[PDB]
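Here the structure is laid out as structure tokens; the discussion comes afterwards.
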Amino acid sequence: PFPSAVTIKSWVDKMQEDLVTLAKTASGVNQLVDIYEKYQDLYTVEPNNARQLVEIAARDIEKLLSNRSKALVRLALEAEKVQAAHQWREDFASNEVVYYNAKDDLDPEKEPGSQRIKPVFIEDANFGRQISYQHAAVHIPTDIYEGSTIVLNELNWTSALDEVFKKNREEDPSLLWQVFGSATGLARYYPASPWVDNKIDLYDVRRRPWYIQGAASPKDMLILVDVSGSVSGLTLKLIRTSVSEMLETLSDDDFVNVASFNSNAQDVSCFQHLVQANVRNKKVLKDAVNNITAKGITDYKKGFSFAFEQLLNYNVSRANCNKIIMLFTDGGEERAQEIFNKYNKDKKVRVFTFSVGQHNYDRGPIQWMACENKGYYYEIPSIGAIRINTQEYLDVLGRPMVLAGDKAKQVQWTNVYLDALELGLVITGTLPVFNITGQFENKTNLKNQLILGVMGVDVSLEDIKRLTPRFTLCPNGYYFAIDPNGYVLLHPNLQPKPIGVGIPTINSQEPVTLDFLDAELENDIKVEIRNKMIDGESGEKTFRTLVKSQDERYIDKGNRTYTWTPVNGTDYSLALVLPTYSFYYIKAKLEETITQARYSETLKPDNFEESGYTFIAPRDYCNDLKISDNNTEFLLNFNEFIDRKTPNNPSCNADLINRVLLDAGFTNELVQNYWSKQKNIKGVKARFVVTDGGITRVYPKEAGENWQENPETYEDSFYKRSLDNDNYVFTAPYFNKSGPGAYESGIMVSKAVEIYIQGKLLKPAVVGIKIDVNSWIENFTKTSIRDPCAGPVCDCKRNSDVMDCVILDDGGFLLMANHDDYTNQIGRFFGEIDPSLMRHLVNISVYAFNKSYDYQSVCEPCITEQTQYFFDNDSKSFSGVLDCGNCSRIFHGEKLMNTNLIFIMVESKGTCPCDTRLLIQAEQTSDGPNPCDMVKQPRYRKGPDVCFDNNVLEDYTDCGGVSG
Ligand SMILES: *[C@@H]1O[C@H](CO)[C@@H](O[C@@H]2O[C@H](CO)[C@@H](O[C@@H]3O[C@H](CO)[C@@H](O[C@@H]4O[C@H](CO)[C@@H](O)[C@H](O)[C@H]4NC(C)=O)[C@H](O)[C@H]3NC(C)=O)[C@H](O)[C@H]2NC(C)=O)[C@H](O)[C@H]1NC(C)=O
Ligand SMILES: *[C@@H]1O[C@H](CO)[C@@H](O[C@@H]2O[C@H](CO)[C@@H](O[C@@H]3O[C@H](CO)[C@@H](O)[C@H](O)[C@H]3NC(C)=O)[C@H](O)[C@H]2NC(C)=O)[C@H](O)[C@H]1NC(C)=O
Ligand SMILES: *[C@@H]1O[C@H](CO)[C@@H](O[C@@H]2O[C@H](CO)[C@@H](O)[C@H](O)[C@H]2NC(C)=O)[C@H](O)[C@H]1NC(C)=O
Ligand SMILES: *[C@@H]1O[C@H](CO)[C@@H](O[C@@H]2O[C@H](CO)[C@@H](O)[C@H](O)[C@H]2NC(C)=O)[C@H](O)[C@H]1NC(C)=O
Ligand SMILES: *[C@@H]1O[C@H](CO)[C@@H](O[C@@H]2O[C@H](CO)[C@@H](O)[C@H](O)[C@H]2NC(C)=O)[C@H](O)[C@H]1NC(C)=O
Ligand SMILES: *[C@@H]1O[C@H](CO)[C@@H](O)[C@H](O)[C@H]1NC(C)=O
Ligand SMILES: [Ca+2]
């Protein structure tokens, strides 16, 4: 039968009291608070003024980037002067240029004008590779011969850069890379290191995003593809490959749209006006281009009239400078002077014409189109010419900024991208290098309107993370930074993996561009905060948001405070997220050499038998102490270091060490004085304590092998979840995993320690226990069933045919049930067990869901869809009547007040058949949002305001037709 709602409410109270009392007593919660008050005077509570913290960090980042920019400035000055003083030799006799080619074998045991250097690489932990600080290394790509007269002159005159490289490194020993990408192809980076590692080097410095960023200004490109009949066959494949490679040379500040025309022009993809060259809009355009067919009769006057009209659309967001048309055709007879006289008569749009394929057609008109319209003419006769002939239009685009003089020389920082030499997430500052031969005397300006190359220095994101310390904050507080496009420069949720672009089709060069809204859970207030950060404003915003847990299975409803300020000097904006309870932190005292030894003798490796197996967080306390992935090794190193000399020494962090020692003392006093009195308890398997300082202790020595949590305290999902909840939190175990399930370790319940010192509020630690399944399953089958109620069971027996007692958590996962089959599936989502009660619970708003996208995820055969369920109405009694096909299941649900637990009682599963559409909470591979709809309603961005797109002094004589 189905007992009364009052009866279920009476049953749940006994189990709630049992669980709450057992978790309270077993893991000391009042004892730690009492310890924290009674050992006062050993620490002090200091404020976290968010306004000051964010400004200090912003000025630190500003100084770092200005240090980085000074090196670029002096490199550019020296390179310009040295090239200006160069004399063009044409013949080199035996050894005349001495350089280290970065792709040469280190032991050849064996050229036209070059003598190799045999360098000595020692090591450097700052880089990870083997480097030589003695000289610079040269990369010359595979196609370009290293004996050319234009390469040997570069290799000679650029040898003067090594002194400046050395001077920069000696003034700032933290410089990572100093590359000079040259317009001839070769690159010179100062710490001479072998080139990376089939295995065909396809690297070209003239296509890397930093070079393209520094070589021109943002563009409004419109590719016009000819798809008439005559381009059928090889020419079409060359055209598609060329268009894809051209699309690869586009940044997020650039806007592009691809059109095609046989006899009537049309858009190749769903986009209709112009889209910024994201990593995903570009994918859509590439996929659309790879599916075009050639049929018809060419009509230039209808394709150009289409391109010029899409370059006039101002309802949409665009770069608003450098308006260019790239015509991919083979050859024709029409030049269409009327169209150009009608649309482009003041010559505000450049036209670049490509004669793709191996054929024999008139090429005069398409050369004339480039010559008349301030453009250039290119020829792609095979696959090997695609790269070079698609990367060259930047030479044309850089003329107006070269003529701008010492006003186009501004340092610009790129998007976050993976370094070529396996260094991780880095950003690059760039500065163009101009040609100034014959400028001291008024001699030459015809060829001087071309950059020599681009300077570049790399700053790693680990540097920026070092400038923003995070250990005076709670685990829930963090920094993050936003550039004008909205992408994150800093975020806890940014991983060193390429951004997924779509579902991975069956059978490291792209930037890691992750938007702020894609790194967190989007919110109406967050869309406003992000716009204010982009605009370059500063303010505070305290509001109730929706935070997702570390393990990506739960959601908590936390109250956070966003404080942001612009990184004055650059275009970035820094923000600091802090919850309400994280406005104060514990600062340890100096104490005395007596107390240091007594606290540090507790975490001796032989000593965690009377004290409980101890973990230590791998945070850098001293320069000499080395971080290890095996916590035993790091704990031994930490112990021997503390034994050596004194706990307080130079080349260390006094605050970190003192905090760790204070936490060790508090934890040891707790574990001894309380847990040592009661060696074994009936319903617990292990008592643990995790504290902010870095220390994790599990009381049973044998239970330490089952502890699978991260030794870093600031990265434990249960700690972060428990901080946001003023009650007990049940963390469901993992289901179908190689580790020990909820039969040898137990089910974890955690409660956050809250201490009231002065009027301040602090949460410095979290304790908990792992409840054994057997004691609780034995306690579950007797505290809810009445014995003399009836012959047939009025509630669940050990294996009840009809009754289906089952208790869930705040995320819909299984924790315990009556049935043996159910109990065998502890830690599984209830949707995959009973896929009808689950969806009805969602529908009657027992639960709620909120779905997001993961872009940095890996798949087996990629963007991934994620789902998390959370309590919404937060009211107690949930009873109703679920309807199956031609049958009715009646259910009652009651929620424990002190824990995030729900007791759901359903009449019977077998009696009434419902359709079994499984509701899966696990992450599912999926395509991202439809790009068409997103580009119909784009996000807010503030593009660069400086652009050099026209100059009256520019010489258009180098059209490219008469030059070959
Ligand atoms: C920065 O700008 C300066 C000037 O603005 C530039 O310096 C000039 O560099 C060119 C190299 O391209 C030198 O070219 C001279 O011109 C003669 C005559 O053409 C060349 O002799 C032949 O030229 C043909 C083509 O006409 C060609 O096949 C090949 O270059 C030569 N062939 C044979 C068989 O000899 C020479 O290349 C060269 N002459 C001499 C005597 O060196 C100019 O002389 C340079 N100008 C000045 C004022 O010195 C410089 O390259 C730019 N920076 C960079 C990095 O390119
Ligand atoms: C481009 O290549 C040129 C040829 O190798 C280099 O020019 C040569 O540099 C040498 C320095 O190593 C000069 O030697 C010195 O020159 C001084 C002149 O003041 C004289 O005393 C001597 O000739 C000599 N002295 C000493 C102490 O070695 C060569 O005169 C000079 N010119 C040649 C060989 O024709 C350029 O240095 C090189 N460019 C760059 C940027 O390195
Ligand atoms: C969008 O661009 C079009 C032209 O590219 C602008 O032209 C107007 O289009 C609307 C559509 O019904 C009409 O008011 C007229 O046909 C056009 N008005 C003119 C030319 O003055 C249109 O104004 C742009 N959108 C907005 C909101 O301004
Ligand atoms: C960028 O410049 C502004 C002003 O040029 C700095 O803001 C000033 O801060 C002082 C106190 O530090 C105030 O007295 C001024 O009123 C502020 N001026 C404003 C807001 O216009 C700002 O600090 C600089 N950027 C950074 C990161 O420090
Ligand atoms: C994200 O989660 C929030 C939290 O529930 C959802 O916002 C609520 O949505 C329900 C309807 O599903 C509304 O009745 C509430 O008024 C919403 N709350 C607030 C504060 O607005 C939200 O729908 C979820 N999904 C997304 C995409 O935000
Ligand atoms: C900037 O450089 C100076 C000297 O080059 C150095 O003392 C200072 O610490 C640097 N600031 C940084 C790296 O933020
Ligand atoms: Ca044709």
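Over segment 350-400, calculate the relative contact order: mean separation of alpha carbon pairs under 8 Å at least 6 apart, over the residue count, as a percent. Relative contact order of segment 350-400: 38 percent. In this Cβ point-charge picture (+1 for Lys and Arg, -1 for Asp and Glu), the chain has a dipole of about 1440 debye about its Cα centre. With the cut-off at under 11 Å, measuring from each backbone N in segment 30-67 to a point 7 Å along the Cα-to-Cβ line of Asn568 picks out 55-56, 59. Couplings 3J(HN,Hα) for segment 240-253, derived from phi with the Karplus relation 6.51 cos²θ - 1.76 cosθ + 1.60 (θ = phi - 60°), are 5, 5, 5, 5, 4, 5, 5, 5, 5, 8, 9, 9, 7, 7 Hz, where x marks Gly and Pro. Among the listed pairs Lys541/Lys751; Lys286/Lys348; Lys286/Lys851; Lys166/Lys199; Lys301/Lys323, which have their C-alpha atoms separated by more than 21 angstrom in this model? Where the Cα-Cα span goes over 21 Å, the pairs concerned are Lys541/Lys751; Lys286/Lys348; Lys286/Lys851; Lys166/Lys199. For the chain, the spread of Cα coordinates along the three principal axes comes to 105, 78, 55 Å, biggest extent given first. Only DSSP H runs of four or more residues enter the estimate; each adds -39500 (n - 2.57), and after division by the residues of the chain the mean residue ellipticity at 222 nm equals -7500 deg cm²/dmol. Write out the trypsin sites (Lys or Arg not before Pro) in segment 338-421 meeting two conditions: DSSP loop, and at most 11 other Cβ atoms within 10 Å of their Cβ. Those that pass, being in a loop and sparsely packed, are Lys345, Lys407.
Are there trypsin sites (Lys or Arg not before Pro) in segment 733-831 that DSSP marks as loop and that have at most 13 other Cβ atoms within 10 Å, and which are they?
Numbers: sites: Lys737, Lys751, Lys760, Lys770, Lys782, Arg786, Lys797, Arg798, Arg828; in loops: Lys737, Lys782, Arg786, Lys797, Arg798, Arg828.
Loop-located and lightly packed - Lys737, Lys782, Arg786, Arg798.
In order along segment 53-62, the Karplus-derived 3J(HN,Hα) couplings, from 6.51 cos²θ - 1.76 cosθ + 1.60 at θ = phi - 60°, round to 4, 5, 6, 4, 5, 5, 5, 5, 5, 4 Hz, and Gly and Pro are given as x.
Tell me the net charge near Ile297. Cut-off is 14 Å between Cβ atoms, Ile297 excluded, with +1 for each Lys or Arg and -1 for each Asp or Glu.
Working: positive: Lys295, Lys301, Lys302; negative: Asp226, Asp299, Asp330, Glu333, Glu334.
Taking every other residue near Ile297 into account, the sum is -2.
Taking a Cβ cut-off of under 11 Å around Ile769, the surrounding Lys, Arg, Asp and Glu residues balance to a net charge of +4, with basic ones at +1 and acidic ones at -1.
A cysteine counts as unpartnered when no other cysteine's C-beta lies under 4.7 Å of its own; in the chain this applies to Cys474.
What does the charge count around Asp606 come to, taking other residues whose C-beta lies under 14 Å from its C-beta (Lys +1, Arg +1, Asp -1, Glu -1)? Write out the running numbers ahead of the final one.
On the way: positive: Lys604, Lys701; negative: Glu601, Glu609, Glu610, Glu640, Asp643.
Net local charge, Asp606 excluded: -3.
Among the listed pairs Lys283/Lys557; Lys677/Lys770; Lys302/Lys447; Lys24/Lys626, which are separated by more than 30 Å between their Cα atoms? Please report the intermediate quantities before stating the final value.
On the way: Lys283/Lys557 36 Å; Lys677/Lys770 19 Å; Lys302/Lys447 36 Å; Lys24/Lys626 38 Å.
In this structure, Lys283/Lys557; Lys302/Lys447; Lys24/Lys626 exceed 30 Å between Cα atoms.
Quick reminder, even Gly has a Cβ in these numbers, built from the backbone with ideal geometry, and neighbours come from all protein chains shown. Read-outs throughout are calculated quantities, based only on the coordinates presented, and are distinct from any laboratory measurement.
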